[PDB]
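Q: Handing you a structure now.
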RNA sequence: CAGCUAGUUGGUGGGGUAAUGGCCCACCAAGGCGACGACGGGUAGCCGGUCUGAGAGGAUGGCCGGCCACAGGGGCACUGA
RNA sequence: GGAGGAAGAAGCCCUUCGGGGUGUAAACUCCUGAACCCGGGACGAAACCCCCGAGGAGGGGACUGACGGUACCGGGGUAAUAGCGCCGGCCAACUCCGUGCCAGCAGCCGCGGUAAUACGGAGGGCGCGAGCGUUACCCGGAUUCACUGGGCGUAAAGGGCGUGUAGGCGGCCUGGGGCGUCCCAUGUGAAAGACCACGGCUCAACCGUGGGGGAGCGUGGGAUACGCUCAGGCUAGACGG
RNA sequence: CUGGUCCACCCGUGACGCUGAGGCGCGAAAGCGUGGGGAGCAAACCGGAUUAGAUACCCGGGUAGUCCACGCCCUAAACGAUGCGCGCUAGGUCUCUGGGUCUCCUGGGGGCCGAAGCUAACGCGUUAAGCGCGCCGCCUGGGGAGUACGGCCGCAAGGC
RNA sequence: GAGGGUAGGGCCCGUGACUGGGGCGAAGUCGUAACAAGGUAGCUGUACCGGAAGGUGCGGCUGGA
RNA sequence: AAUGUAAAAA
Ligand SMILES: [Mg+2]
Ligand SMILES: [Mg+2]
Ligand SMILES: [Mg+2]
Ligand SMILES: [Mg+2]
Ligand SMILES: [Mg+2]
Ligand SMILES: [Mg+2]
Ligand SMILES: [Mg+2]
Ligand SMILES: [Mg+2]
Ligand SMILES: [Mg+2]
Ligand SMILES: [Mg+2]
Ligand SMILES: [Mg+2]
Ligand SMILES: [Mg+2]
Ligand SMILES: [Mg+2]
Ligand SMILES: [Mg+2]
Ligand SMILES: [Mg+2]
Ligand SMILES: [Mg+2]
Ligand SMILES: [Mg+2]
Ligand SMILES: [Mg+2]
Ligand SMILES: [Mg+2]
Ligand SMILES: [Mg+2]
Ligand SMILES: [Mg+2]
Ligand SMILES: [Mg+2]
Ligand SMILES: [Mg+2]
Ligand SMILES: [Mg+2]
Ligand SMILES: [Mg+2]
Ligand SMILES: [Mg+2]
Ligand SMILES: [Mg+2]
Ligand SMILES: [Mg+2]
Ligand SMILES: [Mg+2]
Ligand SMILES: [Mg+2]
Ligand SMILES: [Mg+2]
Ligand SMILES: [Mg+2]
Ligand SMILES: [Mg+2]
Ligand SMILES: [Mg+2]
Ligand SMILES: [Mg+2]
Ligand SMILES: [Mg+2]
Ligand SMILES: [Mg+2]
Ligand SMILES: [Mg+2]
Ligand SMILES: [Mg+2]
Ligand SMILES: [Mg+2]
Ligand SMILES: [Mg+2]
Ligand SMILES: [Mg+2]
Ligand SMILES: [Mg+2]
Ligand SMILES: [Mg+2]
Ligand SMILES: [Mg+2]
Ligand SMILES: [Mg+2]
Ligand SMILES: [Mg+2]
Ligand SMILES: [Mg+2]
Ligand SMILES: [Mg+2]
Ligand SMILES: [Mg+2]
Ligand SMILES: [Mg+2]
Ligand SMILES: [Mg+2]
Ligand SMILES: [Mg+2]
Ligand SMILES: [Mg+2]
Ligand SMILES: [Mg+2]
Ligand SMILES: [Mg+2]
Ligand SMILES: [Mg+2]
Ligand SMILES: [Mg+2]
Ligand SMILES: [Mg+2]
Ligand SMILES: [Mg+2]
Ligand SMILES: [Mg+2]
Ligand SMILES: [Mg+2]
Ligand SMILES: [Mg+2]
Ligand SMILES: [Mg+2]
Ligand SMILES: [Mg+2]
Ligand SMILES: [Mg+2]
Ligand SMILES: [Mg+2]
Ligand SMILES: [Mg+2]
Ligand SMILES: [Mg+2]
Ligand SMILES: [Mg+2]
Ligand SMILES: [Mg+2]
Ligand SMILES: [Mg+2]
Ligand SMILES: [Mg+2]
Ligand SMILES: [Mg+2]
Ligand SMILES: [Mg+2]
Ligand SMILES: [Mg+2]
Ligand SMILES: [Mg+2]
Ligand SMILES: [Mg+2]
Ligand SMILES: [Mg+2]
Ligand SMILES: [Mg+2]
Ligand SMILES: [Mg+2]
Ligand SMILES: [Mg+2]
Ligand SMILES: [Mg+2]
Ligand SMILES: [Mg+2]
Ligand SMILES: [Mg+2]
Ligand SMILES: [Mg+2]
Ligand SMILES: [Mg+2]
Ligand SMILES: [Mg+2]
Ligand SMILES: [Mg+2]
Ligand SMILES: [Mg+2]
Ligand SMILES: [Mg+2]
Ligand SMILES: [Mg+2]
Ligand SMILES: [Mg+2]
Ligand SMILES: [Mg+2]
Ligand SMILES: [Mg+2]
Ligand SMILES: [Mg+2]
Ligand SMILES: [Mg+2]
Ligand SMILES: [Mg+2]
Ligand SMILES: [Mg+2]
Ligand SMILES: [Mg+2]
Ligand SMILES: [Mg+2]
Ligand SMILES: [Mg+2]
Ligand SMILES: [Mg+2]
Ligand SMILES: [Mg+2]
Ligand SMILES: [Mg+2]
Ligand SMILES: [Mg+2]
Ligand SMILES: [Mg+2]
Ligand SMILES: [Mg+2]
Ligand SMILES: [Mg+2]
Ligand SMILES: [Mg+2]
Ligand SMILES: [Mg+2]
Ligand SMILES: [Mg+2]
Ligand SMILES: [Mg+2]
Ligand SMILES: [Mg+2]
Ligand SMILES: [Mg+2]
Ligand SMILES: [Mg+2]
Ligand SMILES: [Mg+2]
Ligand SMILES: [Mg+2]
Ligand SMILES: [Mg+2]
Ligand SMILES: [Mg+2]
Ligand SMILES: [Mg+2]
Ligand SMILES: [Mg+2]
Ligand SMILES: [Mg+2]
Ligand SMILES: [Mg+2]
Ligand SMILES: [Mg+2]
Ligand SMILES: [Mg+2]
Ligand SMILES: [Mg+2]
Ligand SMILES: [Mg+2]
Ligand SMILES: [Mg+2]
Ligand SMILES: [Mg+2]
Ligand SMILES: [Mg+2]
Ligand SMILES: [Mg+2]
Ligand SMILES: [Mg+2]
Ligand SMILES: [Mg+2]
Ligand SMILES: [Mg+2]
Ligand SMILES: [Mg+2]
Ligand SMILES: [Mg+2]
Ligand SMILES: [Mg+2]
Ligand SMILES: [Mg+2]
Ligand SMILES: [Mg+2]
Ligand SMILES: [Mg+2]
Ligand SMILES: [Mg+2]
Ligand SMILES: [Mg+2]
Ligand SMILES: [Mg+2]
Ligand SMILES: [Mg+2]
Ligand SMILES: [Mg+2]
Ligand SMILES: [Mg+2]
Ligand SMILES: [Mg+2]
Ligand SMILES: [Mg+2]
Ligand SMILES: [Mg+2]
Ligand SMILES: [Mg+2]
Ligand SMILES: [Mg+2]
Ligand SMILES: [Mg+2]
Ligand SMILES: [Mg+2]
Ligand SMILES: [Mg+2]
Ligand SMILES: [Mg+2]
Ligand SMILES: [Mg+2]
Ligand SMILES: [Mg+2]
Ligand SMILES: [Mg+2]
Ligand SMILES: [Mg+2]
Ligand SMILES: [Mg+2]
Ligand SMILES: [Mg+2]
Ligand SMILES: [Mg+2]
Ligand SMILES: [Mg+2]
Ligand SMILES: [Mg+2]
Ligand SMILES: [Mg+2]
Ligand SMILES: [Mg+2]
Ligand SMILES: [Mg+2]
Ligand SMILES: [Mg+2]
Ligand SMILES: [Mg+2]
Ligand SMILES: [Mg+2]
Ligand SMILES: [Mg+2]
Ligand SMILES: [Mg+2]
Ligand SMILES: [Mg+2]
Ligand SMILES: [Mg+2]
Ligand SMILES: [Mg+2]
Ligand SMILES: [Mg+2]
Ligand SMILES: [Mg+2]
Ligand SMILES: [Mg+2]
Ligand SMILES: [Mg+2]
Ligand SMILES: [Mg+2]
Ligand SMILES: [Mg+2]
Ligand SMILES: [Mg+2]
Ligand SMILES: [Mg+2]
Ligand SMILES: [Mg+2]
Ligand SMILES: [Mg+2]
Ligand SMILES: [Mg+2]
Ligand SMILES: [Mg+2]
Ligand SMILES: [Mg+2]
Ligand SMILES: [Mg+2]
Ligand SMILES: [Mg+2]
Ligand SMILES: [Mg+2]
Ligand SMILES: [Mg+2]
Ligand SMILES: [Mg+2]
Ligand SMILES: [Mg+2]
Ligand SMILES: [Mg+2]
Ligand SMILES: [Mg+2]
Ligand SMILES: [Mg+2]
Ligand SMILES: [Mg+2]
Ligand SMILES: [Mg+2]
Ligand SMILES: [Mg+2]
Ligand SMILES: [Mg+2]
Ligand SMILES: [Mg+2]
Ligand SMILES: [Mg+2]
Ligand SMILES: [Mg+2]
Ligand SMILES: [Mg+2]
Ligand SMILES: [Mg+2]
Ligand SMILES: [Zn+2]
């Protein structure tokens, strides 16, 4: 099927588009532990109805652009900065890495 | 009266003005090839006397061993401080597969099928001591339910 | 080729009677009979404590010279039994004993396993009718081994079969000197065989 | 370490390294003798060894041992290189091969001729 | 803060047995129960029972032991020789029924959580279920 | 190797195609990516499998079969399902 | 080549000069008959094609073999290549001469400086055999990168010490969800290969047929204890008066 | 002026906890910058003596420094050569500090001897190196070497 | 638009008078720092200094009494 | 109160 995923809009600074971050846990291939990883997909929001923090389903879909190959499926919940912070602090601490 | 077999006869030594004199290590195992087994480590200024002495100690310290058709009941790992040894059960036709030391043990033990390895140290002496204990900790189904009963 | 070079020198190296000769090995000199001690300039000298290897080694070398067979082939068979489900040790012997050239000896058609080989090889034997000159041919249970036509009337075959009167043989076998044939009734139980060797020791040798 | 430490950093692979730049890790390499010489052994022994510095196909230039008693190598002998060091001699990671190209076999050796490139005596 | 209440309990039992106490208590908890319940049912402990320390739910765990020994160190053989947590908090272990461990060639037990409940290694196969391998005991 | 990025990320319309698509173009907006390792360098065709190993693992891709890539080096399009 | 074949040829080596060894080995005796020779001589090939039936279904007829006069069968038939590594220890195999830190050996430890089972030759022995050794690289041993399965007072190893971001980990009770997780069902996981069984070529390698399981992912259904997650309560943690 | 910690009461919050890559702050002594201060002591430096020699130990003298402010340096046998947090596992004795009518008990700290157990041994042992879980840091033969190249920091010495 | 040309940077490799230290080497010169109060306890950060090991100052550690 | 190389242990 057109596998659907679920993640929070972390960026809306784009026309008719949104960036969606989704995590996925799983047992490590050698040490078992349930590590978790994430990915950013660019979602097609034709109305620009989905703002930051919205958790959302998004579907595998016809190519829209170079990176846009997923459409926004539906809302899941609104107020969710707590997550947006995580990913944003992550960007922060990058400043304190370079030399 | 049982069977007799020595694992090693090393010549230790000691300093003392004007030269060095030596005693003589001698490790020997003894068993009926039928469950009864005992290890012994004798020392003396004479090779023969040494093995002879190991003979006396051997039959002293002994141990019955629960044999299931030539194999051991359950698998066990036993670390004698330094070295460590594994012991595993095996179907008939497997044979005694182990280092020269635990062989002497298990062979004169009446064992005939067993998977095993020497991890850790390997000092013959300590591996010896180690195995004895290991067998000395084997337990038949009975021993189990007998303890796990306590009626 | 087989071991070609001297045979009765091994009767002497192993220290056990090796019955790879004819009348002679039963005579009052298997060679071993006159000299019960190893070959070479030393032989009768203070024998040393054998290494566990030496001991395990001798045992396998013993068992092989017996069936007189290529080390390569020998090992492969060992492995072949190690695979199949069954008491690996004995089964090995079973495959060994299952060789055609072996059957022929056990069955009295020949006085010597070596000689027997030359009989199979020169095509004097037949399994189930179709001739077989292959010593290595694994005789399955229920095969009729016998002497072929142009073969039946041969001196050696005669004398051997002649002397093969009565003298019962192998519970897994059944002879008929009348018609010069026999049957691989079944695979021999360990007990049926009575080798001077010990399968376990050989099993061990092949762990190294 | 903890499991987690493994899930991060992880286990470093052994990664071993060579003992013989015969290059291409080939089984043997041809070359020409640059210099035939004889050199004193190391710490515990002594006895001037028979050795030669060979220029490789691989543009290199290595020193190599000439095994056996007596030889025929000279300042232009092409020869086959075999690789195998020598405890006795400082930096010598290759044996020459007796019985190939301009390197004769050991004259009159009867035992183990295979390792000294010597034909079967009639 | 106490990391793993389970490993703790198991440990409490191990630390107590070695000195041959009659019964060590343990902070109460529903899931903790089952471990005991099974651990007892199989014959590893005379039993257990809820108690109360200064207003705190706990669990008495009456330890079993072997008969006295003759000779140097009349140390009574243990009834629990071995106990160890498998799945930890820092590494959860999960097994399919088609792959559940056999402790000490069957002499031993391997308690484990499952959709049907906490069950022995054998009871696991019984109802044909896999789950979080908790610990093994022999 | 710790920052990288101008067709760069997204949009609107347009070309092109069997067809989706910054694949290419005009205008617009300022974006996209990075310690979960971007960007940089070194190496390498990939798998079914092969080898060893108690296994977990390690190593490896010859011949056979599957896919990809190339046809002295590089670029181009023509004919045509 | 097979069986017989001396209280045991000669030669050679060793010796306490009696003797011991190579050794049933040889010679010799009989038997068998790879090679070679003569005669026969394949399977792989039935279809397309043509006749009847319509040109179909169905029946019926005939042509073609590179390998090849080869495989194989039959008859005749001569005793008909043995080599290599090693024998101080690991490691199975011991003596003699030569030699003299030289000639040399060497994988590790080490061996040779007049008496070497370690060099080299000999006699003998162990190992394998149309092979046996060497070099090169891979996995093993190596639980010596340790998931299985290691450590860190002094052996190699606790950061100089704190605050703290990210991440990791998270006490007791109940409830909804069911992500992880477990189960079942089905799809997929080609062939070849691996393992099992049985059959084909005199065996075998090789080959055919059949059987089984397989991690993994897709769809559906189900279990909810542990993990998670929303929600509700507590005070044993932590904080506070 | 101010930091930490301990005890009593069981009054408040209601899992708000633990650890911590990078980051940030502290960090003996020596040393660096500007200005100050300078008694005693004292690298370097001079003389004496000892010695074969004596750039040293011993003696007489003696500058920076040692002292302050402000700033920088950031290393160490920065040592218990033992990361932090929590739970569990006999006691004996000495001592610092708190609560309780008290030859006793109950808590927090610092020492010694020891249950069990751990350890290669020495040894550790409710101040664990014992039994367990979480998290970080570190190791993976001796030499070359904490060297070289690169990068970062520094006035420099030099550090990572 | 292949590719050529021009100019300017980056990485990597080879080579270089000379120069720094390092490893190894049956024997050399110098002295004797360490290992026993090693005949001034040693070791250490650092600073000065000296043919060489070293010495000395400040602090620190016992792996010293 | 300095220093004594370099071939000895089945
Ligand atoms: Mg917008
Ligand atoms: Mg899964
Ligand atoms: Mg940079
Ligand atoms: Mg008896
Ligand atoms: Mg008896
Ligand atoms: Mg005896
Ligand atoms: Mg004793
Ligand atoms: Mg006595
Ligand atoms: Mg009994
Ligand atoms: Mg018993
Ligand atoms: Mg240990
Ligand atoms: Mg060793
Ligand atoms: Mg050792
Ligand atoms: Mg017992
Ligand atoms: Mg018993
Ligand atoms: Mg097997
Ligand atoms: Mg197998
Ligand atoms: Mg079996
Ligand atoms: Mg078997
Ligand atoms: Mg019969
Ligand atoms: Mg094996
Ligand atoms: Mg020399
Ligand atoms: Mg010459
Ligand atoms: Mg010449
Ligand atoms: Mg010649
Ligand atoms: Mg040699
Ligand atoms: Mg009691
Ligand atoms: Mg019951
Ligand atoms: Mg632009
Ligand atoms: Mg468009
Ligand atoms: Mg096209
Ligand atoms: Mg583009
Ligand atoms: Mg467009
Ligand atoms: Mg444009
Ligand atoms: Mg890259
Ligand atoms: Mg590869
Ligand atoms: Mg696969
Ligand atoms: Mg693979
Ligand atoms: Mg694979
Ligand atoms: Mg395998
Ligand atoms: Mg694998
Ligand atoms: Mg591996
Ligand atoms: Mg290919
Ligand atoms: Mg290849
Ligand atoms: Mg090819
Ligand atoms: Mg081809
Ligand atoms: Mg090819
Ligand atoms: Mg292919
Ligand atoms: Mg594809
Ligand atoms: Mg091309
Ligand atoms: Mg081209
Ligand atoms: Mg070409
Ligand atoms: Mg071209
Ligand atoms: Mg003969
Ligand atoms: Mg003789
Ligand atoms: Mg004679
Ligand atoms: Mg005759
Ligand atoms: Mg004839
Ligand atoms: Mg021919
Ligand atoms: Mg025909
Ligand atoms: Mg036909
Ligand atoms: Mg045909
Ligand atoms: Mg035909
Ligand atoms: Mg035609
Ligand atoms: Mg008709
Ligand atoms: Mg018609
Ligand atoms: Mg027809
Ligand atoms: Mg037809
Ligand atoms: Mg037809
Ligand atoms: Mg023809
Ligand atoms: Mg023919
Ligand atoms: Mg012809
Ligand atoms: Mg013809
Ligand atoms: Mg013909
Ligand atoms: Mg022919
Ligand atoms: Mg015929
Ligand atoms: Mg013929
Ligand atoms: Mg014929
Ligand atoms: Mg002949
Ligand atoms: Mg003959
Ligand atoms: Mg060899
Ligand atoms: Mg060997
Ligand atoms: Mg030997
Ligand atoms: Mg000479
Ligand atoms: Mg001489
Ligand atoms: Mg000599
Ligand atoms: Mg000598
Ligand atoms: Mg040798
Ligand atoms: Mg020799
Ligand atoms: Mg010889
Ligand atoms: Mg062959
Ligand atoms: Mg390896
Ligand atoms: Mg390795
Ligand atoms: Mg490994
Ligand atoms: Mg270790
Ligand atoms: Mg630790
Ligand atoms: Mg190191
Ligand atoms: Mg810290
Ligand atoms: Mg810190
Ligand atoms: Mg440190
Ligand atoms: Mg630091
Ligand atoms: Mg903290
Ligand atoms: Mg946190
Ligand atoms: Mg929880
Ligand atoms: Mg969490
Ligand atoms: Mg929770
Ligand atoms: Mg819940
Ligand atoms: Mg759900
Ligand atoms: Mg299923
Ligand atoms: Mg697969
Ligand atoms: Mg499937
Ligand atoms: Mg299938
Ligand atoms: Mg397949
Ligand atoms: Mg495999
Ligand atoms: Mg079938
Ligand atoms: Mg068949
Ligand atoms: Mg035939
Ligand atoms: Mg198949
Ligand atoms: Mg199949
Ligand atoms: Mg599989
Ligand atoms: Mg399946
Ligand atoms: Mg999945
Ligand atoms: Mg629930
Ligand atoms: Mg709420
Ligand atoms: Mg709550
Ligand atoms: Mg409280
Ligand atoms: Mg205050
Ligand atoms: Mg109040
Ligand atoms: Mg409340
Ligand atoms: Mg929570
Ligand atoms: Mg400071
Ligand atoms: Mg200062
Ligand atoms: Mg200055
Ligand atoms: Mg200053
Ligand atoms: Mg200035
Ligand atoms: Mg000024
Ligand atoms: Mg000043
Ligand atoms: Mg002054
Ligand atoms: Mg003064
Ligand atoms: Mg001075
Ligand atoms: Mg002076
Ligand atoms: Mg003078
Ligand atoms: Mg003077
Ligand atoms: Mg002074
Ligand atoms: Mg002041
Ligand atoms: Mg002032
Ligand atoms: Mg001031
Ligand atoms: Mg820490
Ligand atoms: Mg804290
Ligand atoms: Mg008080
Ligand atoms: Mg009171
Ligand atoms: Mg009171
Ligand atoms: Mg009170
Ligand atoms: Mg009082
Ligand atoms: Mg008192
Ligand atoms: Mg009290
Ligand atoms: Mg008090
Ligand atoms: Mg205290
Ligand atoms: Mg106290
Ligand atoms: Mg103590
Ligand atoms: Mg004790
Ligand atoms: Mg405490
Ligand atoms: Mg406590
Ligand atoms: Mg205490
Ligand atoms: Mg503690
Ligand atoms: Mg410890
Ligand atoms: Mg320790
Ligand atoms: Mg290293
Ligand atoms: Mg190295
Ligand atoms: Mg190194
Ligand atoms: Mg270093
Ligand atoms: Mg190093
Ligand atoms: Mg430094
Ligand atoms: Mg530096
Ligand atoms: Mg560099
Ligand atoms: Mg460089
Ligand atoms: Mg640098
Ligand atoms: Mg600068
Ligand atoms: Mg300055
Ligand atoms: Mg540091
Ligand atoms: Mg251009
Ligand atoms: Mg250009
Ligand atoms: Mg150009
Ligand atoms: Mg210009
Ligand atoms: Mg340029
Ligand atoms: Mg340059
Ligand atoms: Mg230089
Ligand atoms: Mg230096
Ligand atoms: Mg120098
Ligand atoms: Mg230089
Ligand atoms: Mg130096
Ligand atoms: Mg020198
Ligand atoms: Mg001189
Ligand atoms: Mg010197
Ligand atoms: Mg000197
Ligand atoms: Mg001194
Ligand atoms: Mg002095
Ligand atoms: Mg001292
Ligand atoms: Mg100093
Ligand atoms: Mg001078
Ligand atoms: Mg001081
Ligand atoms: Mg301090
Ligand atoms: Mg000290
Ligand atoms: Mg004193
Ligand atoms: Mg001197
Ligand atoms: Mg000297
Ligand atoms: Mg000396
Ligand atoms: Zn004989």
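By the numbers in Swiss-Prot, the shown part of chain C spans 2-209.
Heads up, header says this was done by X-ray crystallography, 3.0 Å.
The backbone N, Cα and C atoms fix where each Cβ goes, and this holds for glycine too.
Pulled these from Swiss-Prot:
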{"type": "ZN_FING", "residues": "C:9-31", "note": "zinc finger"}
{"type": "BINDING", "residues": "C:9, C:12, C:26, C:31", "note": "Zn(2+) binding site"}
{"type": "DOMAIN", "residues": "C:100-162", "note": "domain 'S4 RNA-binding'"}
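Would you situate these features in the structure and describe their surroundings?
A: Taking Cβ pairs closer than 8 Å, the zinc finger (C:9-31) reaches residues 37-40, 59, 62-63, 66-67, 69, 112-116, 197 in its own chain, all 6 or more past its ends.
Of all the Cβ atoms in the protein chains shown, 20 others lie within 10 Å of the Cβ of residue C:26 (Zn(2+) binding site).
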Q: What other residues of this chain sit with their CB within 8 A of the center of the CB atoms of C:9, C:12, C:26, C:31, the recorded Zn(2+) site?
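A: Filtered neighbour residues, in order: C:8, C:13, C:18, C:19, C:20, C:21, C:22, C:25, C:30, C:32, C:33, C:34.
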Q: Let's see if you can do this one: DSSP helix, strand and coil counts over the zinc finger (C:9-31), in that order.
A: 8 helix, 0 strand, 15 coil
Q: Per residue, counting other C-beta atoms within 10 angstroms of the C-beta, which of the binding-site residues C:9, C:12, C:31 reaches the highest number?
A: C:12
